[PDB]
């Protein structure tokens, strides 16, 4: 059995071999959203509430978001336009059963095409979405739509939230490294069909969510020991950690109820994250003898403009570190778990296009952060690949 364990496991670091992304074909301009949102939900006369929302959108640093929900769909689903005066879970579950796997399939097909190998080689599937409507979970439906082998080992990551873009990489590292030849398809698929609802002056935090959350799905192929000249790695998953900021459970949260998924957000989030991020960095990089955070490439979950500004200030990052992060937030908004993967894609693409020496803007090491309910912080140390 000794030789068995040694041959059963893989040799090198888990590496990202492909990244694919997808979004609903409906771009929503942030500049005109306040009027649209208040009109479709039937609150056009509530000028003060609309003005509060207008202010939130204007300072969001989000230019547009892609949304599965269209005026036509909302018109056919008035219950989703209410706040909580009527139930709407069942209608939302029907939407999720269709849209989450659809976006997941689209992103995965792109990742698989880049990877360039037959899907018969995919051995595992890690699927993540804020919620899933039934049993089987969406991991089953996505595998079915993709025509994966019945024997693909699946793991569904539900109700983890915005930090899960990090969680799935942490999970993928162990699956890929402990199984020789394993090729893990990792997918994050999110849609506001589960969170969209009318405005309420007594729940301004929900109002912030209506201005920031967007739809999208990301897909990665992760595996150790990439085949020379056949597969191409863009990043290596070196080390990971997960931690909870003390006394902050109510900072970010959600509840699955008869009115669908409701969520709460506290203004203290930016401070809470920035006050604990330095320790995440030291614990992650002391072992690599790195103390200058500007010598790393960055990927940060774009939970909100304030969060990015606070982390940037607190860690004294130069104005260029968060360019890829802010770029994604501006073009897609907060797509929950999928965000950091879009940012990784933007990072490697900008690197190749700018003639950088590595897929990490010319730097060797990098850090990826996921933030969410807990308050939870996922840390992922990455290594770029020479170009």
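Positions refer to the first chain, counted from 1.
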Per the PDB record, is the mean Cα temperature factor higher over 236-244 or over 124-132?
236-244
What stretch has the higher average Cα B-factor here, 325-333 or 351-359?
351-359
Using only the C-alpha B-factors in the record, can you name which of 114, 292, 141, 177 has the highest?
292
Peak C-alpha temperature factor (PDB record), options 93, 191, 210, 287
287
Using the B-factors in the PDB entry, rank residue 69's C-alpha atom against the chain and give the third, lowest, middle or highest.
middle
For residue 106, the third of its chain into which the C-alpha B factor falls
lowest
Which third of the chain does residue 159 land in by C-alpha B-factor: lowest, middle or highest?
lowest
Residue 364 CA temperature factor, ranked by third within the chain:
middle
In terms of the chain's CA B-factor thirds, is residue 167 lowest, middle or highest?
lowest
